[PDB]
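**Student:** Attaching a single structure in structure tokens format; questions to follow.
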Number of protein chains: 2
Amino acid sequence: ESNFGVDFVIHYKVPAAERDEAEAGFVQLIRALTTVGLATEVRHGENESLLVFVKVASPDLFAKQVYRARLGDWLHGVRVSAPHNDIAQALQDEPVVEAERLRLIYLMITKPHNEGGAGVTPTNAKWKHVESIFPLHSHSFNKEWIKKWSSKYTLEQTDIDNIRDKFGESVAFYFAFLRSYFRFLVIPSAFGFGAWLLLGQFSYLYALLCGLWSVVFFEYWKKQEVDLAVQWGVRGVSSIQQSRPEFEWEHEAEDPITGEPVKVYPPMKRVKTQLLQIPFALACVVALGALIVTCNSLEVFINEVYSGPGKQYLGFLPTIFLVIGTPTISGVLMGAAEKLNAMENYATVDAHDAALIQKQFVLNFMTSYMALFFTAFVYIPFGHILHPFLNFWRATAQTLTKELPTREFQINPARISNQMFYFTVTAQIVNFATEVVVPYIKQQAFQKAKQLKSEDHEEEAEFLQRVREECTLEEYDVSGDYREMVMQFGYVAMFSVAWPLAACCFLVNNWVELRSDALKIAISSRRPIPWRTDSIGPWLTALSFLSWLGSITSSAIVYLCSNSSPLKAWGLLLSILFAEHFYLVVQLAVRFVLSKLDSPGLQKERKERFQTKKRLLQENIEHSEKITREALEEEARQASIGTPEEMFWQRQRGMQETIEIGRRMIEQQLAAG
Amino acid sequence: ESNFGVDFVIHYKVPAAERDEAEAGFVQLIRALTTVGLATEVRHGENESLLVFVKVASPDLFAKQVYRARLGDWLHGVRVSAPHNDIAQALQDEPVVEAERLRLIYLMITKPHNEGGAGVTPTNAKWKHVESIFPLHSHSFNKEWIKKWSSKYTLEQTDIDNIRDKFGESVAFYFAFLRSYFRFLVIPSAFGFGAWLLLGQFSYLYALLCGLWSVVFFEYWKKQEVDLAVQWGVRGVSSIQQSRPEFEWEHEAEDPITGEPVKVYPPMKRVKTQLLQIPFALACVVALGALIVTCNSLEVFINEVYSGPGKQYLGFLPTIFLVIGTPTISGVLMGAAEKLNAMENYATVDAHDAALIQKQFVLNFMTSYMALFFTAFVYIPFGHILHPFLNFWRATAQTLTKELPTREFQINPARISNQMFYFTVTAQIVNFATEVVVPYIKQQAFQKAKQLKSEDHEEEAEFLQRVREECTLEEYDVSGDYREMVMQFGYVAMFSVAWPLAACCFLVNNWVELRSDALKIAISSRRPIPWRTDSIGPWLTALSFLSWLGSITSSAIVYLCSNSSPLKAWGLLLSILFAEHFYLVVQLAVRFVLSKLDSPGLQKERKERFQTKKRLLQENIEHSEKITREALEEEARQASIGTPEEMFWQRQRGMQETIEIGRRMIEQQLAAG
Ligand SMILES: [Ca+2]
Ligand SMILES: [Ca+2]
Ligand SMILES: [Ca+2]
Ligand SMILES: [Ca+2]
């Protein structure tokens with residue numbers, strides 16, 4: 001029903017080996033926790049673990065730290081205004097939300113000891129026994145949240161603000177991105193269904209209208225991202241995160257803006273190491289891309305040119321050979337990339353996580369579209385370059401057992417429609433299996449293992465059984481649901497011209513996905529620690545790269561596929577050159593139009609930043625004789641001791657003397673004529 | 001030698017007609033001027049004019065307005081910090097420069113009467129008799145300035161800061177731009193001379209290295225523009241200018257940021273009118289471009305295919321027919337553009353002047369490069385499409401007087417070298433004539449007209465003769481010297497691949513031009529009113545358009561000209577597509593590298609904006625029992641009246657009780673195994 005007012009849960013695995021040192025660390029832990037100012041409780045959890053429940057003891061002592069955290073946000077420019085001069089008045093204007101409370105408790109348990117409470121981050125390895133620090137769910141809210149989101153057709157802005165109030169900003173930006181992406185998916189589903197009825201397959205008019213859509217959505221999200229940023233009070237929070245515990249710093253120096261001592265690193269030594277990302281990425285497209293092509297070279301031999309026995313039995317040979325390789329070789333390439341960003345020496349935890357994405361994006365670019373790059377550019381337009389690869393597999397299949405029967409090779413034009421039919425409606429359903437219900441069935445099977453093996457009080461018995469169940473769940477990553485939506489945006493921007501019902505079917509997926517990822521937070525993951533992010537992250541560069549490449553590839557397809565005369569190469573370069581420059585001129589139009597549209601987000605900051613300069617300010621016929629007072633003064637001060645320029649101003653004094661002298665010169669100039 | 005401490009000079013033409021109303025306006029003028037707080041002097045000037053000399057009377061009264069102007073800059077976010085709390089201390093930290101003094105005196109004489117001093121702007125037409133308000137030169141400074149700049153090889157940063165201190169920012173940004181452009185012109189003069197010796201004419205390697213230069217200069221200037229902005233204290237001064245006196249405003253409403261009543265206009269009504277700039281510009285390239293081509297169609301008939309008498313006599317027929325048309329038809333197109341921006345309803349004077357440039361740039365794009373667009377793309381690669389135009393002029397010359405002798409048409413490959421030889425070394429010298437010495441000779445001839453026609457005091461006689469001479473000089477426009485330097489940047493970015501000694505010869509021009517435009521302020525123009533600009537203006541979009549088009553056209557030339565096999569069109573599109581994307585990937589590299597380089601300009605603002613929040617802030621084993629104090633308190637407050645979750649926290653209190661209970665559960669879990 002409800003938690004026992006508990007803020008956080010520390011798992012603290014205690015193994016058989018190093019048992020006395022874990023107990024000595026257990027005394028060292030809870031004596032460190034009680035000095036921060038939070039009440040502790042230890043309970044019987046798993047077979048070798050001790051659930052350490054913590055809440056903050058004094059709310060008045062806690063209200064001081066909230067006031068110091070809100071002041072620290074405004075001191076660095078994050079908050080739009082200063083807090084109130086009276087304590088507990090700014091807490092009464094806006095209260096502490098459940099997300100901001102769990103963030104400051106987590107920063108009490110995870111910060112260096114000199115500047116903060118206790119260093120219970122497990123990455124320090126002074127204690128390797130702390131398994132995880134995680135907050136608890138409240139199942140009264142999750143039953144209300146899934147019921148409310150499934151009942152409504154759309155989501156109001158106040159519904160996503162409930163996610164910001166309880167699950168932090170970094171979770172709430174995903175649902176804010178997914179809602180704005182689902183509503184902007186209505187537009188290319190409209191003429192995407194229209195280009196399926198009026199126009200033919202591979203319409204050139206659709207490829208220009210889709211390239212218009214991919215930049216009017218992406219630029220509008222950049223306007224709505226900074227609008228949601230200052231609305232939630234989270235703006236410019238790139239620099240405000242604690243540094244990583246693993247960080248090599250050349251010399252500690254003075255901070256330029258902050259004026260405190262901070263560990264600084266020369267960025268040109270990092271740009272020297274950041275230059276190595278290009279020899280890493282070019283090894284990625286060869287290690288993965290030659291693997292995708294070769295298993296695509298297999299299927300074009302088994303399916304089309306083959307008339308032997310067990311044709312469907314050998315039809316699963318390319319697929320089951322592909323799903324073995326791609327998690328294994330990308331697992332290797334994720335290993336070297338993890339040693340690359342560790343070598344890159346990222347200070348804050350956000351920049352370390354974001355550049356891990358840019359290495360994780362290149363692999364997931366190659367597991368996604370390399371099956372469609374080979375079909376759209378090598379199989380369909382000129383499959384006769386594939387004939388020596390068909391001459392290879394014809395030689396090796398003769399060595400199996402007489403000659404095996406082959407048909408003459410014919411380019412099947414329905415391949416890219418059938419390949420897109422996998423990625424649009426078939427891959428989405430099996431992903432809907434793997435995202436929610438296959439974890440939910442696996443939670444049932446792990447529950448029955450507890451019943452196979454088959455001390456608490458009257459009210460703690462169901463609660464402690466819930467926390468032990470909640471603890472084995474993995475931490476939710478908001479990166480994992482960004483990868484699914486950006487790769488889905490890749491199919492619309494690059495490859496929806498080959499199958500214009502893609503945006504119509506991706507639309508009905510994201511209505512489910514907006515309520516299925518909400519269900520994934522509820523029952524299939526423990527609550528993540530509420531982090532603050534000013535932006536969506538590094539995905540803006542990922543969305544802009546697919547949008548720019550979507551202009552090239554969707555227009556290179558529609559020249560190479562619509563003829564299915566024989567592919568003059570000047571037409572291919574011209575079909576790119578007009579459409580790639582059509583993307584740039586429209587991007588210059590949409591960026592200019594939204595620049596002229598008013599931003600209500602930035603104005604509410606600029607209104608208060610002006611007005612806070614005003615409140616610092618507000619706390620801190622008779623004028624002709626004053627000129628004659630000065631004219632006597634500039635005489636009497638300089639006549640005591642130059643004198644040519646002094647006498648020039650004193651020929652005429654006051655006003656009415658200078659008028660009547662000027663009146664004579666109008667007479668004197670007119671009298672000569 | 002020196003001025004008589006005079007701040008400004010009002011000319012106030014008084015004609016024969018409307019003479020009594022001009023005298024009544026003269027009383028109305030100088031009675032309005034004396035209420036602002038400035039001493040006035042009227043003197044005998046030109047035959048129908050009255051030189052009204054003004055200075056501010058009381059420096060203590062003037063110091064109040066400087067303090068109100070410096071506070072108004074900080075209140076809008078322009079100034080990096082607030083002024084001092086003590087009056088005349090912030091004037092003692094930084095003094096009033098001669099540029100800031102003449103700006104505030106000019107805003108006293110040019111502002112509406114309710115919010116300011118007097119509306120003596122002549123555009124109001126309540127008085128049409130005020131000819132000009134202009135400050136005076138100081139010839140002691142100008143003799144020192146021209147001598148110092150001609151003596152040194154380069155210019156230090158402190159030399160340009162002397163121009164900011166006396167001629168305002170908007171003049172000083174041109175010399176700061178020209179110095180940074182002259183020093184960055186060393187780079188393409190280096191390999192531009194190298195591509196003239198090692199490589200041949202039309203080198204492809206030069207066209208990539210020049211496109212690298214045009215973006216590493218332009219992005220570095222955008223870094224140096226915001227660096228010079230906050231250094232001079234002029235930053236974000238786009239919104240701070242007074243509105244134009246001619247401005248239609250739909251309804252006066254509340255200002256969002258400023259919170260004062262201001263006249264607002266809906267910007268989407270302007271974007272509706274801003275959409276008309278494209279049907280205006282496409283009429284510009286046809287009215288001018290068909291004029292440039294037709295007079296180029298004449299010269300290709302007279303010079304090459306003709307053997308009649310008076311060949312050099314008819315050789316000046318295309319040139320003298322061209323210099324008649326282009327000032328006249330662009331004078332028409334400047335008239336409609338002046339009615340276009342007037343229809344566009346620009347509020348501030350900077351945005352009205354900047355969008356006049358973007359219409360004035362399109363014409364000066366077409367007077368400059370249309371002679372080179374026809375040569376590089378129509379004459380050299382396929383001159384056989386020009387043969388029907390040669391068939392036209394062959395028909396009309398037979399009707400003059402027997403058949404006139406024609407040679408067979410041969411494409412001269414030395415045309416674009418001879419055409420660039422005009423624009424690089426020949427057009428620069430005649431422009432050096434027309435810029436400084438032809439105005440200087442014309443000032444001598446206008447001086448001798450005064451001696452042909454052939455009342456003052458002992459010291460005013462040479463000074464009043466100087467002011468009457470200074471008044472007839474035109475106001476200096478900083479736009480006129482930006483047009484020469486941006487068009488010079490067009491020849492380097494677009495057309496220097498055809499003649500690689502262009503950047504070598506443009507380098508030796510800008511050493512002269514940096515000291516010739518400095519001489520143009522001194523003797524050939526009255527001092528402009530010192531205006532403040534945060535940016536160089538709209539020329540950043542002009543420099544970026546030539547840099548992007550410089551990637552296309554210099555690479556389309558080197559395919560179409562190097563063959564001078566027969567011009568396969570797939571090579572032309574590929575030579576663009578690689579080099580135009582080479583421009584984009586290098587632009588993404590240079591923008592990222594300068595983003596990682598530290599900006600010392602923005603940090604000095606962010607250091608003080610943090611510290612001014614700190615000064616608002618600064619003016620306004622024993623902790624375990626406090627948890628047990630709260631644990632008794634949360635008991636005794638809730639035991640007076642829920643109770644399950646209350647009793648959960650009170651099973652264990654303090655620290656040492658919770659330790660020893662946790663010590664048993666390590667025993668109890670290990671005892672079962
Ligand atoms: Ca899914
Ligand atoms: Ca997801
Ligand atoms: Ca010149
Ligand atoms: Ca100039």
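Note on naming: chains are A, B, ... as they come in the structure tokens, residues start from 1 per chain, ligands start from 1 in the order shown.
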Hey, which residues come within 6 Å of ligand 1 if we count only C-alpha atoms and all ligand atoms? Could you give them as a PyMOL selection string?
**Tutor:** chain A and resi 428+431-432+513
**Student:** How about saving the chosen residues, N, CA and C atoms kept, as a PDB file, in the first residue's frame?
**Tutor:**
```
ATOM      1  N   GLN A 428       8.596  -4.223 -34.335  1.00  0.00           N
ATOM      2  CA  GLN A 428       8.013  -3.463 -33.234  1.00  0.00           C
ATOM      3  C   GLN A 428       7.265  -4.371 -32.270  1.00  0.00           C
ATOM      4  N   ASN A 431       9.774  -6.419 -30.312  1.00  0.00           N
ATOM      5  CA  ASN A 431      10.388  -5.519 -29.341  1.00  0.00           C
ATOM      6  C   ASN A 431       9.428  -5.219 -28.203  1.00  0.00           C
ATOM      7  N   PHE A 432       8.126  -5.154 -28.499  1.00  0.00           N
ATOM      8  CA  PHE A 432       7.135  -4.999 -27.439  1.00  0.00           C
ATOM      9  C   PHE A 432       7.080  -6.241 -26.560  1.00  0.00           C
ATOM     10  N   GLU A 513       3.834   2.740 -26.886  1.00  0.00           N
ATOM     11  CA  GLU A 513       5.144   2.862 -26.253  1.00  0.00           C
ATOM     12  C   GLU A 513       5.148   3.940 -25.179  1.00  0.00           C
TER      13      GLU A 513
END
```
**Student:** List every residue of chain A that has an atom at most 6 Å from any atom of chain B, giving for each one its closest atom pair and the distance in Å to one decimal, counting only C-alpha atoms, sorted by chain and then by ascending residue number, as a tab-separated table.
**Tutor:**
```
residue	atom	partner	partner_atom	distance
A:4	CA	B:645	CA	4.7
A:42	CA	B:662	CA	6.0
A:57	CA	B:627	CA	5.9
A:257	CA	B:607	CA	4.2
A:570	CA	B:570	CA	4.5
A:606	CA	B:257	CA	5.6
A:607	CA	B:257	CA	4.2
A:627	CA	B:57	CA	5.9
A:645	CA	B:4	CA	4.7
A:662	CA	B:42	CA	6.0
```
**Student:** For ligand 4, list the contacting residues at 9 Å or closer, counting only C-alpha atoms and all ligand atoms, as a VMD selection string.
**Tutor:** chain B and resid 432 435 478 480 to 485 513 to 514 516 to 517 520
**Student:** DSSP on the backbone: which residues in range 15-181 of chain A end up as strand (DSSP E)? Give the answer as a ChimeraX atom specification.
**Tutor:** /A:38-44,50-56,133-134
**Student:** May I ask for the distance between CA of residue 399 in chain A and CA of residue 300 in chain A, given in Å to one decimal place?
**Tutor:**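 These atoms are spaced 18.9 Å apart.
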**Student:** Quick one: residues within 10 Å of residue 79 in chain A, only C-alpha atoms counted, chain neighbours fewer than 4 positions away excluded, as a list in words?
**Tutor:**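 Near residue 79 in chain A, the qualifying residues are residues 70, 71, 72, 73, 74, 75, 83, 230, 232, 233, 234, 235, 236, 237 and 605 of chain A.
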**Student:** Take the residues just selected and output them with C-alpha atoms as a PDB file, in the first residue's frame.
**Tutor:**
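Final file, again-v5.pdb:
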```
ATOM      1  CA  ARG A  70      18.302  26.200  -3.918  1.00  0.00           C
ATOM      2  CA  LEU A  71      20.780  28.985  -3.187  1.00  0.00           C
ATOM      3  CA  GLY A  72      23.521  26.954  -4.856  1.00  0.00           C
ATOM      4  CA  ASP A  73      21.392  26.637  -7.985  1.00  0.00           C
ATOM      5  CA  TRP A  74      20.779  30.385  -8.172  1.00  0.00           C
ATOM      6  CA  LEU A  75      24.427  31.150  -7.370  1.00  0.00           C
ATOM      7  CA  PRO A  83      15.101  32.279  -2.824  1.00  0.00           C
ATOM      8  CA  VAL A 230      13.298  26.975 -17.435  1.00  0.00           C
ATOM      9  CA  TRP A 232      11.014  23.087 -14.407  1.00  0.00           C
ATOM     10  CA  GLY A 233      13.783  25.339 -13.081  1.00  0.00           C
ATOM     11  CA  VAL A 234      16.487  23.123 -14.606  1.00  0.00           C
ATOM     12  CA  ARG A 235      18.594  25.195 -16.996  1.00  0.00           C
ATOM     13  CA  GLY A 236      22.326  25.146 -17.593  1.00  0.00           C
ATOM     14  CA  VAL A 237      22.870  22.123 -15.382  1.00  0.00           C
ATOM     15  CA  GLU A 605      13.968  34.367 -16.946  1.00  0.00           C
TER      16      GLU A 605
END
```
